[PDB]
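Working notes, beginning with the structure itself.
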Number of protein chains: 4
Amino acid sequence: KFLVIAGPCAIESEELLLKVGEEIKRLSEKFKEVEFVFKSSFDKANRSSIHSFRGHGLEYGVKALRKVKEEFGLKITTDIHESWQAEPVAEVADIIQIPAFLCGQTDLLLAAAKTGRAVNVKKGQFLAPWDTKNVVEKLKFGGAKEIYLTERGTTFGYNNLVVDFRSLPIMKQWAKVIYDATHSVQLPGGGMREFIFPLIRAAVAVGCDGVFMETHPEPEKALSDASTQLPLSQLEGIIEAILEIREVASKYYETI
Amino acid sequence: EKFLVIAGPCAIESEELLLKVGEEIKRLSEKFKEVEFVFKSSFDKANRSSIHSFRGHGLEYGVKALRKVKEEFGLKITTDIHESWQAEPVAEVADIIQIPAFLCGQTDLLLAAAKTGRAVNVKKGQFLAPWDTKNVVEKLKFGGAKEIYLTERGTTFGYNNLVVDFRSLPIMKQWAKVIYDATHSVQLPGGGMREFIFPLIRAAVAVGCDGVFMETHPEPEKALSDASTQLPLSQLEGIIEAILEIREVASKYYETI
Amino acid sequence: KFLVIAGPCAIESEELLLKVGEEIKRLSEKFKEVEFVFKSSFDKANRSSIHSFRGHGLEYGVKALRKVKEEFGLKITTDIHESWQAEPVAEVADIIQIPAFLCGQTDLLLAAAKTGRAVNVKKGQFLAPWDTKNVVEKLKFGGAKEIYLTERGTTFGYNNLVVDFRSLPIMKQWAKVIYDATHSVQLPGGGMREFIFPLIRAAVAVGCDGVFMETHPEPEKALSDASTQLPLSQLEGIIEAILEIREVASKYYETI
Amino acid sequence: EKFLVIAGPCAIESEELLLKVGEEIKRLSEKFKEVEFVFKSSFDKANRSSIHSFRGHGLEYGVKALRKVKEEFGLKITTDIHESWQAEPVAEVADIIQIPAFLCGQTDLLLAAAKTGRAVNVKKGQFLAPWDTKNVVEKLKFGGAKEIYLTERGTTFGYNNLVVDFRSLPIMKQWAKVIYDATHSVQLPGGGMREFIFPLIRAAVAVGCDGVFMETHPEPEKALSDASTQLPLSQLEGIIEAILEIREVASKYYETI
Ligand SMILES: O=P(O)(O)OC[C@@H](O)[C@@H](O)[C@H](O)CO
Ligand SMILES: O=P(O)(O)OC[C@@H](O)[C@@H](O)[C@H](O)CO
């Protein structure tokens with residue numbers, strides 16, 4: 001099934017997670033052809049500033065994600081930052097997410113694969129599409145079976161990311177490909193939000209196995225990625241649109 | 001609104017090659033009535049990498065060949081100019097005067113095209129930020145151009161590589177109609193190539209543009225220029241049908257500028 | 001001899017040219033080991049804005065440059081923008097300059113070579129160093145004998161240029177290499193001026209055949225490139241510095 | 001001020017390789033008394049492209065080998081950490097804890113290095129703008145680091161290529177001492193390579209930095225990692241003499257931060 005990974009950027013509170021989870025559950029009931037995966041980070045490990053919000057800890061995070069999976073029966077995904085976190089997180093995460101900056105850390109990938117869960121690696125901003133082949137192989141070596149590669153932009157000069165859509169067909173040669181519509185338009189360190197929907201449309205017209213989107217009831221108040229999180233109320237309309245585009249465009253997806 | 005499809009062989013190899021592609025384009029224009037087709041071919045490749053590559057058969061010959069195409073098929077014409085003096089003679093036959101990517105900033109060339117009264121299509125330089133096309137349009141308006149197009153053809157990304165930053169489509173749409181060049185955007189000046197033409201063109205129409213530009217040739221492998229990226233003529237119909245379908249389903253979601 | 005190409009960006013007036021020419025003449029007398037070339041554009045053919053200063057015309061420009069060469073006996077260089085301008089300009093220009101954006105225009109290069117003068121091509125911002133081989137060959141084909149390639153930065157994301165110093169040894173394989181210290185730090189369309197001297201030092205430590213620098217009595221009032229033109233009073237100090245660095249570093253210039 | 005030269009084999013292939021390079025570095029430290037030499041070698045290559053490449057002989061083995069070097073030659077030591085828990089044991093022997101380029105933003109790793117009391121050298125990420133290293137330094141100061149270095153090792157430039165934007169040297173100098181990594185800056189992740197090490201290092205000292213980082217190996221072609229860019233041990237002396245000479249003549253022109 002087509003994948004839609006969505007949720008608030010950071011686990012600001014179990015409350016926020018349950019509110020977003022409700023809406024995702026509802027959409028889950030509405031779009032049965034789509035496999036929804038609830039996503040949220042228990043820790044923002046590389047905020048620019050030491051004074052910025054990181055989170056409430058792994059334990060509290062796994063707990064809240066457990067509440068979401070229990071209350072709504074939704075699959076879960078969260079990102080790990082050091083090898084030791086793989087196991088505890090795998091208790092609740094159906095898919096373990098590997099941060100873009102850490103996509104080359106062999107030990108992190110192996111610890112993810114060992115848990116037996118699915119692994120979704122965010123393609124580093126410094127990484128060429130063809131060089132993700134080795135990332136996938138490390139994971140296979142470590143016993144991984146369900147492997148995803150997520151396109152999230154590429155370093156383009158300073159404080160800018162460009163999305164090279166040629167990467168989708170290239171990465172598809174060795175893994176299921178996910179398009180990160182949120183982080184692909186943010187400026188590291190223009191007008192971010194206005195480009196999220198247009199690029200999402202491009203991703204499905206080109207061909208991918210799923211889309212990743214951060215969403216918040218009130219993006220304006222988000223403690224992380226405030227400028228790019230999609231207002232929860234707009235999620236349905238966007239999903240309906242990509243399914244329609246996908247339905248027509250899929251006829252032309254090149255074999256691979 | 002009528003979607004624009006600019007297509008044709010990269011270079012005017014002969015009047016014969018032109019009439020051949022022209023006939024196929026004429027046929028598709030009869031089928032895709034919702035599309036405005038414009039026949040394209042350069043009378044001169046003014047910046048081949050090597051001094052030993054094919055340039056063309058001259059301005060006079062090119063214009064005459066292009067005139068034959070318009071005459072025989074009733075097709076609109078577009079070709080590119082390389083120096084100011086060429087605008088006048090070229091405007092005799094060209095409905096749209098094209099400005100090469102490297103020359104998108106040359107004021108005199110822009111003014112020369114503008115005062116002919118013809119439409120003007122500027123290829124966005126590989127070095128140019130989407131927001132900096134605003135002044136290129138201003139120059140044209142200042143020069144008398146009433147119909148202006150900006151063509152997305154990729155941006156310098158490291159050495160011998162171009163990337164297409166699709167954010168440029170809605171940015172440039174603020175001041176001109178936008179065309180997506182499906183051929184030159186996948187070329188490696190000096191990823192691979194042809195295998196990416198179709199997927200990137202699908203992305204372009206999903207994002208939203210006013211037209212697409214595609215070089216096509218009966219036998220790409222024998223073309224005297226851009227043999228690697230020129231689309232096989234027989235594949236044109238399918239590509240066009242596909243983009244009209246994607247455009248239609250995506251259209252209700254195009255943002256308002 | 002080591003080359004130093006300097007002068008005001010645009011021929012704002014014969015007056016300005018003579019004032020800058022005087023100082024350049026003086027430095028010419030002071031640094032006999034250096035071949036000074038007076039540079040100034042009779043036309044700024046690609047200003048961002050239609051309302052910006054372009055110049056006073058080719059005729060007036062060639063006239064003023066003639067006054068400089070006559071009054072101070074300094075060699076001359078100016079840039080052409082269309083093929084027809086090569087011949088009239090070659091009457092006074094010892095070196096014909098090919099704009100960076102036009103470095104691939106075969107007809108412009110051939111018209112430059114035909115005049116018999118020296119040709120200095122500004123490496124396009126889109127051009128890889130190894131791809132300048134073909135530029136040089138076009139010129140040789142057209143009869144050019146004294147050929148220079150000028151490093152002036154490379155497109156690095158939007159509105160930014162980076163200087164890849166690997167380009168100097170690479171281009172030296174087929175032409176004399178000049179480093180443009182002025183345009184290499186400007187932001188197309190950070191803090192420009194503060195980086196001019198540091199990068200100039202790098203260029204000579206690496207190894208080049210000359211340096212290109214725009215200078216103005218009062219950069220602040222320049223009608224073109226106001227933010228990057230070097231104050232005339234600082235030129236001597238910079239030249240003395242690059243000669244000293246060159247004297248020590250030249251011992252290590254790799255053979256080629 | 002004492003110029004820093006950080007050098008050594010890329011990976012701790014064996015305690016024997018270490019003592020060999022160590023002896024040469026000890027010898028140069030006796031000749032170049034105006035230089036502070038720091039012996040470098042990774043106990044682990046935590047991010048080889050392939051799962052089949054050499055990683056190392058483990059933390060315990062590495063630290064012990066590095067300790068032997070410090071013990072036998074009285075040389076300062078530096079090595080890189082990959083996870084927070086490694087900072088403490090590594091600080092036992094390392095005078096400078098190095099933070100890998102890809103991890104330059106990992107707050108916990110930075111804090112872990114900072115609280116050891118050792119000096120900290122951060123490799124500037126290939127994705128990081130020079131001005132964004134300011135917050136990396138802030139994190140370290142916050143964590144207790146009193147001696148901080150930022151290492152220039154190139155920036156992503158298209159695919160499989162890095163460019164060195166020398167404007168970064170004076171920018172980063174605003175908040176930390178700066179080191180130029182002569183080895184990794186010419187590497188093509190995943191121009192050519194070794195032929196550019198020396199020229200770029202000359203540019204670095206002409207611009208101005210507080211030290212240079214260079215991987216050297218008795219026989220580069222046999223190294224288990226970075227064989228292509230590791231400098232032949234016999235060439236180290238000459239490279240160092242050359243940069244001290246260029247540094248000296250350029251020094252009076254170094255701008256004040
Ligand atoms: O094939 P070479 O000779 O490199 O030429 C490339 C160009 O002619 C052409 O693709 C470019 O679009 C022209 O501006
Ligand atoms: O040679 P491969 O396996 O590609 O590895 C590159 C890296 O180990 C190394 O050069 C990089 O500096 C490590 O961070």
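By convention in this document, the chains of the structure tokens carry letters A, B, ... by their order, each chain's residues are numbered from 1, and ligands are numbered from 1 in the order they are shown.
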
Excluding residue 48 in chain B and its own-chain neighbours fewer than 6 positions away, which residues fall within 8 Å of it when counting only C-alpha atoms? Please give them as an mmCIF file with N, CA, C and O atoms, in the first residue's frame.
data_model
loop_
_atom_site.group_PDB
_atom_site.id
_atom_site.type_symbol
_atom_site.label_atom_id
_atom_site.label_comp_id
_atom_site.auth_asym_id
_atom_site.auth_seq_id
_atom_site.Cartn_x
_atom_site.Cartn_y
_atom_site.Cartn_z
ATOM 1 N N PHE B 54 28.981 20.412 -35.128
ATOM 2 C CA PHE B 54 28.027 20.989 -36.069
ATOM 3 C C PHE B 54 27.401 22.277 -35.523
ATOM 4 O O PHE B 54 26.917 22.309 -34.388
ATOM 5 N N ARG B 55 27.418 23.340 -36.325
ATOM 6 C CA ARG B 55 26.808 24.606 -35.917
ATOM 7 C C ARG B 55 25.488 24.855 -36.665
ATOM 8 O O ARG B 55 24.461 25.178 -36.059
ATOM 9 N N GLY C 104 31.472 30.881 -24.083
ATOM 10 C CA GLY C 104 31.207 29.765 -24.969
ATOM 11 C C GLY C 104 30.750 30.195 -26.359
ATOM 12 O O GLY C 104 30.511 29.340 -27.215
ATOM 13 N N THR C 106 31.247 30.916 -29.727
ATOM 14 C CA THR C 106 32.248 30.689 -30.760
ATOM 15 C C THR C 106 32.556 31.914 -31.632
ATOM 16 O O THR C 106 33.722 32.261 -31.807
#

Note to self: Please identify all residues of chain B having at least one atom at most 8 Å from any atom of chain C, considering only C-alpha atoms, and return them as a PyMOL selection string.
What the structure shows: chain B and resi 46-51+83+102-103+105-108+126-129+132+135-136+138-139+142+156-160+190

Notebook entry, point to check: Just how far from CA of residue 78 in chain B is CA of residue 147 in chain B, in Å to one decimal?
Noted result: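 Interatomic distance, CA of residue 147 in chain B to CA of residue 78 in chain B: 13.4 Å.
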
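When only C-alpha atoms and all ligand atoms are used to measure the gap to ligand 1, the shortest distance among B:10, B:122, B:112, B:148 belongs to B:10.
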
Next item on the list: Based on DSSP run over this structure's backbone, return all residues of range 42-139 of chain D in strand (DSSP E or B), as a count of residues only.
Entry: 15

Next item on the list: Can you pull out every residue within 12 Å of residue 177 in chain B, counting only C-alpha atoms, but drop anything in the same chain fewer than 5 positions away, and send it as a ChimeraX atom specification?
Entry: /B:1-4,119-122,133-134,137,146-152,168-172,208-212,257

Checklist line | One-decimal distance in Å that lies between atom 8 (O, counted along the ligand's line) of ligand 1 and CA of residue 19 in chain B | finding: 22.1 Å

Notebook entry, point to check: Where does DSSP see helix (DSSP H, G or I) in range 1-247 of chain B, if you list the residues as a ChimeraX atom specification?
Noted result: /B:15-31,59-73,84-91,101-103,107-114,130-142,168-172,184-186,194-207,220-222,233-247

Note to self: List the spatial neighbours of residue 247 in chain A as a list in words - criterion: any atom at most 10 Å away, only C-alpha atoms, same-chain residues fewer than 6 positions off excluded.
What the structure shows: residues 204, 205 and 241 of chain A; 246 and 249 of chain B

List the spatial neighbours of residue 195 in chain D as a PDB file with C-alpha atoms, in the first residue's frame - criterion: any atom at most 10 Å away, only C-alpha atoms, same-chain residues fewer than 2 positions off excluded.
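Okay, this is what ended up in around-v8.pdb:
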ATOM      1  CA  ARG C 166      41.968  23.521  -7.893  1.00  0.00           C
ATOM      2  CA  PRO C 169      46.640  24.235 -11.769  1.00  0.00           C
ATOM      3  CA  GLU C 254      54.027  22.374  -9.351  1.00  0.00           C
TER       4      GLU C 254
ATOM      5  CA  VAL D 186      40.381  17.053  -1.851  1.00  0.00           C
ATOM      6  CA  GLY D 191      38.670  17.664  -9.483  1.00  0.00           C
ATOM      7  CA  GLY D 192      41.043  14.731  -8.905  1.00  0.00           C
ATOM      8  CA  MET D 193      42.740  14.231  -5.524  1.00  0.00           C
ATOM      9  CA  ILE D 197      46.693  18.579  -1.459  1.00  0.00           C
ATOM     10  CA  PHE D 198      49.801  20.751  -1.570  1.00  0.00           C
ATOM     11  CA  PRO D 199      48.374  23.641  -3.564  1.00  0.00           C
ATOM     12  CA  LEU D 200      45.270  23.961  -1.349  1.00  0.00           C
ATOM     13  CA  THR D 229      44.744  11.036  -0.225  1.00  0.00           C
TER      14      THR D 229
END

Margin query: Just want the 8 Å neighbourhood of range 68-71 of chain C, counted on only C-alpha atoms, with same-chain residues fewer than 6 positions away dropped. Output as an MDAnalysis selection string.
Written below: chainID C and resid 17:18 21 92

Check: Got a sec: who's within 12 Å of residue 26 in chain A, counting only C-alpha atoms, leaving out chain neighbours fewer than 6 positions off, as a PyMOL selection string?
Finding: chain A and resi 19-20+32+36+72-74+232+235-236
